[PDB]
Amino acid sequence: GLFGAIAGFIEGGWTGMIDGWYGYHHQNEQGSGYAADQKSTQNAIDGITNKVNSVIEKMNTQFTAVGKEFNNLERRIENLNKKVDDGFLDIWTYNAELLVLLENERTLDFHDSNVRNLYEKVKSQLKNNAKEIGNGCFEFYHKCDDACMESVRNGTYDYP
């Protein structure tokens, strides 16, 4: 995507990871495993939730009202009414259709950004203690256990 992470340098997703949207794999001497990054996943959810509520909540709900009834000598007003109704129809359709399209592009790019920022937040934490392989993987030089793994995904790690 716009940030080239999702379907990018990290080619695929994990059906394995199910506690959140972004997270870490990790393969230790005491086993492999998936863990979601709770911080970013929540931030994302709060954002997407807010995004949806804006699009839904901001609509000034109509307040009763139909269309009208005209006799055979009221064709001109009848058609004015129709022009009004069709007018609103064309505007709402176009704006609805385009809004969703933009919002969507933005949303997917949002997620792409969150993945990339997570990758770079790990990269700049490990520095020269890990090797950048690819597909979002760091291989450690110092062989680190489940306690250290949790420091990394927890943001504490430490050892430039």
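What we label the rigid core is the largest C-alpha set whose atoms superpose within 1.5 Å from one form to the other. Just count from 1 along the sequence shown to find any residue number.
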Between 31-39 and 66-74, greater root mean square CA displacement in 4 other deposited structures of this protein relative to the shown form, after rigid core superposition, belongs to 66-74
Rigid core superposed, root mean square over structures and residues, which stretch has C-alphas farther from this form in 4 other deposited structures of this protein, 120-128 or 55-63?
55-63
Mean temperature factor over C-alpha atoms, higher-scoring stretch between 150-158 and 1-9
150-158
Mean C-alpha B factor from the entry: is it higher for 56-64 or for 119-127?
56-64
With respect to the C-alpha temperature factors reported in the PDB entry, which of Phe138, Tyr24, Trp14, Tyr141 ranks highest?
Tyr141
Per the entry's Cα B factor values, which of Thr49, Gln38, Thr93, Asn114 stands out as the maximum?
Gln38
When the modelled residues of the chain are sorted by Cα temperature factor, does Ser32 land in the lowest, middle or highest third?
highest
Could you place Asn72 in the lowest, middle or highest third of its chain by Cα temperature factor, using the values in the record?
highest
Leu98: C-alpha B-factor third of its chain, per the entry, is the middle
